[PDB]
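**Student:** To start, I am sharing the structure in question, which I have written as structure tokens.
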There are 2 protein chains.
Amino acid sequence: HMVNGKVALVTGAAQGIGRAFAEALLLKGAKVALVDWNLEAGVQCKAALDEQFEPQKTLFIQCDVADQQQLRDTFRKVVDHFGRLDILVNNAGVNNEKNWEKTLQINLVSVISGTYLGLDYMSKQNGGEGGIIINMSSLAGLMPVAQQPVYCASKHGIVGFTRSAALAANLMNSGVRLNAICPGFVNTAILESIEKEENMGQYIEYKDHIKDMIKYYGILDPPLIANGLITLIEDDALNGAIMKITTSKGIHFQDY
Amino acid sequence: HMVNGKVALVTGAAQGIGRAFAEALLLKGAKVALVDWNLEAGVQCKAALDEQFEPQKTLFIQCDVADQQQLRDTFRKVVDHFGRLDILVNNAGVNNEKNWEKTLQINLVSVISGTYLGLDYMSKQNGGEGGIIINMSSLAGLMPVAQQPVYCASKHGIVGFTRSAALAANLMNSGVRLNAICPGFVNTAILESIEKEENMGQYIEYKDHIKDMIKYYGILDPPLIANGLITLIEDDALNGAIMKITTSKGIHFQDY
Ligand SMILES: NC(=O)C1=CN([C@@H]2O[C@H](COP(=O)(O)OP(=O)(O)OC[C@H]3O[C@@H](n4cnc5c(N)ncnc54)[C@H](O)[C@@H]3O)[C@@H](O)[C@H]2O)C=CC1
Ligand SMILES: NC(=O)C1=CN([C@@H]2O[C@H](COP(=O)(O)OP(=O)(O)OC[C@H]3O[C@@H](n4cnc5c(N)ncnc54)[C@H](O)[C@@H]3O)[C@@H](O)[C@H]2O)C=CC1
Ligand SMILES: CCCC[S@@H](O)c1sc2nc(-c3nccs3)cc(-c3cnc(C)n3C)c2c1N
Ligand SMILES: CCCC[S@@H](O)c1sc2nc(-c3nccs3)cc(-c3cnc(C)n3C)c2c1N
């Protein structure tokens with residue numbers, strides 16, 4: 001289908017949701033490039049995947065997504081190695097309200113820069129044969145959170161940018177589809193950032209609320225988030241859609 | 001009431017909506033500091049206002065909101081001159097998709113930096129007697145726009161940050177209220193930015209759509225937007241609310 005024999009570039013694939021994405025894509029029969037700033041974690045992940053699939057179907061590149069030149073050298077290294085780019089996934093993110101400027105830079109700016117860098121290669125006008133770009137958001141992009149003000153700001157921006165760029169691409173005859181995912185609580189190391197003042201700052205005194213709400217709702221395993229990505233990729237007529245994943249309902253879509 | 005004898009700091013007050021805000025506040029009996037990066041326009045505005053009100057109620061400081069140190073030096077210059085800060089309005093903004101990074105920096109980052117600088121002075125925990133912070137957004141912060149992708153991203157983030165910070169302030173016992181305004185098309189020079197590829201880039205070929213939309217939706221006078229800010233200020237029990245101004249309906253509130 002639209003997965004076999006296709007090249008995918010995934011950001012933040014050393015651990016967690018990105019690693020699950022890469023595993024699913026490799027299982028479906030694709031060639032994957034893994035981008036992360038943590039070298040040891042990425043190398044260990046590649047070694048782990050090399051025990052299941054063939055080594056060539058995988059590549060690892062170290063890069064900080066905030067630095068634009070690194071991303072541009074990363075996109076060019078991938079294309080010169082495989083031959084074409086067909087799937088892009090922008091998933092890297094952090095949580096830090098003390099250093100709220102770096103969080104905004106990583107979460108929001110890098111997504112837009114990657115989206116643009118990807119349209120520069122995948123577009124019909126520039127010689128491409130189309131493809132699909134997916135940007136990762138959170139339920140914090142649709143509801144407010146008292147203890148994560150700057151983090152909420154970034155997810156909302158991601159949602160708006162994705163929705164606008166979908167229509168823009170439809171107008172330009174680019175052959176590219178754009179969609180976003182909005183998951184709930186996921187069992188990853190990021191949750192541990194809640195319990196440390198270095199990441200929370202003046203909001204640490206109110207972490208018990210988030211702890212209680214996690215106890216209420218529950219946590220979702222990283223593999224279930226990946227199936228949603230695969231579902232997005234194989235559907236041809238999905239552009240500008242927002243996916244919500246919840247433990248109570250499942251995979252559903254926001255309505256406007 | 002809560003307007004007389006109070007100090008207000010307004011950003012982007014040289015021309016347009018900010019100037020209307022300043023005029024309304026001065027008419028109601030307040031002392032106003034005008035912040036803009038255009039020196040000539042600000043000086044001319046201050047001279048124009050000096051012909052109506054007393055000079056001692058008007059202060060003009062020329063600062064770029066993006067540079068944090070300038071913003072910190074402006075806030076301290078304002079307090080050391082008057083004596084206290086009671087109202088803050090973050091209204092400065094631009095529209096440029098070609099240089100989409102500077103637009104994001106000006107529209108979103110500066111708003112958060114100013115809100116935080118303002119809470120550092122207005123909060124009871126730090127010796128203050130409270131006050132009100134207002135951040136300017138657009139209807140593009142609630143609906144997508146094909147030709148203004150990065151601009152749409154900046155307004156959504158503003159809305160999310162304001163909604164979260166309102167609850168955060170309610171929890172901390174700060175005595176500060178936070179709300180935002182989401183106007184429609186307003187008769188200002190910013191509209192002229194649509195007709196220039198310098199400000200639009202690859203999206204210039206699709207400006208005719210906005211042109212028809214501007215004509216159909218009509219236009220709103222800046223003093224009418226100023227009547228909304230005053231309404232927000234005099235209402236004590238409004239925190240975390242979003243105002244929408246339209247030519248068909250009027251002044252109304254988003255519901256969640
Ligand atoms: N886990 C959760 O509860 C939720 C997470 N998300 C989002 O999911 C995405 C993935 O995060 P998780 O896997 O949950 O967390 P994680 O912390 O386990 O993984 C994030 C990955 O991003 C990488 N990364 C961070 N900044 C980077 C940078 N500047 N350059 C390159 N790589 C960078 C890290 O090395 C790490 O491998 C993030 O955007 C996060 O905000 C959204 C919904 C909820
Ligand atoms: N006019 C409209 O149709 C709408 C405008 N808005 C928003 O209203 C706000 C006010 O803009 P308008 O009065 O309409 O436009 P305008 O272009 O007439 O005025 C903007 C003002 O901001 C100042 N400014 C811009 N960047 C600055 C910076 N970095 N530092 C200091 N001053 C800076 C400019 O000198 C100017 O005086 C903006 O945030 C805009 O996005 C929202 C709804 C629609
Ligand atoms: C850095 C920490 C990463 C986790 S956040 O993006 C995140 S995910 C999430 N999911 C939910 C769910 N609601 C219903 C089913 S699941 C809720 C929250 C959340 C936490 N605090 C609030 C006010 N909210 C809305 C959050 C929340 N704050
Ligand atoms: C830099 C130009 C500044 C004007 S933008 O923030 C702005 S204000 C506005 N207002 C409206 C109104 N809708 C109903 C009554 S008024 C519509 C738009 C707009 C323009 N293009 C679209 C798709 N939209 C939604 C816009 C729009 N794009």
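Here, residue 1 is simply the first one shown, and the rest follow in order.
We read in the header that electron microscopy, 2.4 Å was used to get this structure.
Heads up, the Cβ atoms here are built off N, Cα and C, so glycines get one too.
From Swiss-Prot, for reference:
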| type | residues | note |
| --- | --- | --- |
| BINDING | A:12-20, A:36-37, A:63-65, A:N91, A:151-155, A:186-188 | NAD(+) binding site |
| BINDING | A:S138, A:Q148 | substrate binding site |
| ACT_SITE | A:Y151 | active site, proton acceptor |
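Are these features on the surface or tucked inside, and what touches them?
**Tutor:** Other Cβ atoms within 10 Å of the Cβ of A:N187 (NAD(+) binding site) number 12 in total over all chains.
Within 10 Å of the C-beta of A:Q148 (substrate binding site) we count 25 further C-beta atoms, all protein chains included.
In the three-state DSSP reading, A:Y151 (NAD(+) binding site) counts as helix.
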**Student:** When each of the binding-site residues A:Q15, A:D36, A:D64, A:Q148, A:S154, A:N187 is checked against chain B, which show a C-beta distance below 8 angstroms?
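**Tutor:** Cβ contacts with chain B under 8 Å: A:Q148, A:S154.
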**Student:** Under 8 Å Cβ to Cβ from A:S138 (substrate binding site), same chain, six or more residues apart: give me those in sequence order, or none if nothing qualifies.
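**Tutor:** Listed in sequence order, they are A:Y151, A:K155, A:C182, A:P183.
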**Student:** Taking DSSP three-state, what's A:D36 (NAD(+) binding site) in: helix, strand or coil?
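**Tutor:** Going by the DSSP assignment, A:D36 (NAD(+) binding site) falls within a strand, counted as strand.
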**Student:** Near A:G18 (NAD(+) binding site), which residues of its chain come within a Cβ-Cβ distance under 8 Å, counting only those 6 or more away in sequence?
**Tutor:** A:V10, A:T11, A:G12, A:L34, A:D36, A:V89, A:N91, A:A92
**Student:** Which of A:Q15, A:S154 has the fewest nearby Cβ atoms, counting only those within 10 Å, among these binding-site residues?
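**Tutor:** Taking A:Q15, A:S154 as the binding-site residues, the minimal 10 Å Cβ count falls on A:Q15.
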**Student:** What is the one among the binding-site residues A:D36, A:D64 whose Cβ has the most other Cβ atoms less than or equal to 10 Å away?
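**Tutor:** Its Cβ has the most other Cβ atoms within 10 Å: A:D36.
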